[PDB]
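As structure tokens, one chain now follows by itself in the form deposited in one PDB entry.
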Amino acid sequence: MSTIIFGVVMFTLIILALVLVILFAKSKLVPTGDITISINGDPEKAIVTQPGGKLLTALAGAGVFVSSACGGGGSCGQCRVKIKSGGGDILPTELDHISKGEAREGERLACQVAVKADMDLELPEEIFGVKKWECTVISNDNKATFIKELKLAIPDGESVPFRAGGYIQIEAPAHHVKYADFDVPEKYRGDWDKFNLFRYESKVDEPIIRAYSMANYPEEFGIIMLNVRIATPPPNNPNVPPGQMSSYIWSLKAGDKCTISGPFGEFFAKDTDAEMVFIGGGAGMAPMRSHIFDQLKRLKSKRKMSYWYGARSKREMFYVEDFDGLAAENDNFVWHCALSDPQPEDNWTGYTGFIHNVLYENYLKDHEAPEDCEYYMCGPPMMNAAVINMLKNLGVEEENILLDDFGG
């Protein structure tokens, strides 16, 4: 019995002694002092936080969204920051995302940097322009059998500093929406009723964010135009849940308001004297319209231009009036379109099949310098892969191949 008490006392004493030693060592070694961070060279808006923690969290608290979309993971980005002091160490986890040629310039991922000492950043000026507007929807009318156009008005008359081809960030809270409430004109409801898609419904639990390219160009002041597709489960896998934000965006009625952020963008045109070739299909119409309108009307460049668009059926074509007007007004721009698998009722006359095949057969097969001109594309992965392969086969270098990408 006397040994049980000894065992208890010795266990407690040994554990307590080890804990006290660890605490004393921690007190003597770790700094324990606050840190100061300068977001750039050298605004007065220095940030003072406690030691440790993630640099991404510190910037999010300061209000400079990187990114900062999810606060971790490093899955995608557009999650990079520039450092000129403090964080001079190199972490092995950043090399597989940052190339050797650009790592030496002092660029690091925000979600990887650790706040152990005072550091100074070199963020590009564009980041500081990020802020939100509570835009009011002008209209959300339907344009195709699976696509709608959303137009927004900036409150208080504020104008967005942006470059043609940019994209915005859309943020909405949790919601529950049924597909039966969609305001889809009967003109496009034939396939909807054939597939009985109105029976679907969606549920969201927490606020969500997404990115959307804008169909307007700078001369259109105070208006943000977006082209949105319906995230509908495939007929092969109806049991798959539908989209989380596309359903709410489609159900959204005119006159409502939401919060958008940005703009952001890197899919800008190059300032050369060479020809421009634009390729698109379905929802990709927004960046193409932005680029074409900007280049033709605002810049008034004489560079040769052309646009090639792919559609499922003759019912899927929109902006046709604007593009025909542009072609008539300017001899420097001419556009063509082809139907992948139109219905017999379309009574279509013209190019058919894949847009990439049509383009190669009609324009590039006879072009004298396919590599000289620049290629801009945005569309479904099926089209994108074929177009990339065809251009590589023709010998076009990556420096002249540019595209917008989406996924999930």
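In this text, residue numbers run from 1 along the sequence as written. Each form is matched to the other, and the largest set of C-alpha atoms that superpose within 1.5 Å is called the rigid core.
Keep in mind that the form deposited in another entry is not shown, yet the notes after this line are about it.
The residue that stands out in 69, 364, 358, 373 is 69, the single one whose Cα moves by 2 angstroms or more between the shown form and the other one on a rigid core fit. With the core held fixed, the Cα of residue 322 is displaced between the shown form and the other one by less than 2 Å. The Cα shift for residue 206 between the shown form and the other one, taken after rigid core superposition, is smaller than 2 angstroms.
When the rigid core is held fixed, the Cα atom of residue 235 travels 2 angstroms or more between the shown form and the other one.
The gap between the Cα atoms of residue 210 and residue 71 is smaller in that other deposited form, by no less than 3 Å, than in this form. In that other deposited form, the separation between the C-alpha atoms of residue 214 and residue 70 shrinks by 3 Å or more relative to the displayed form.
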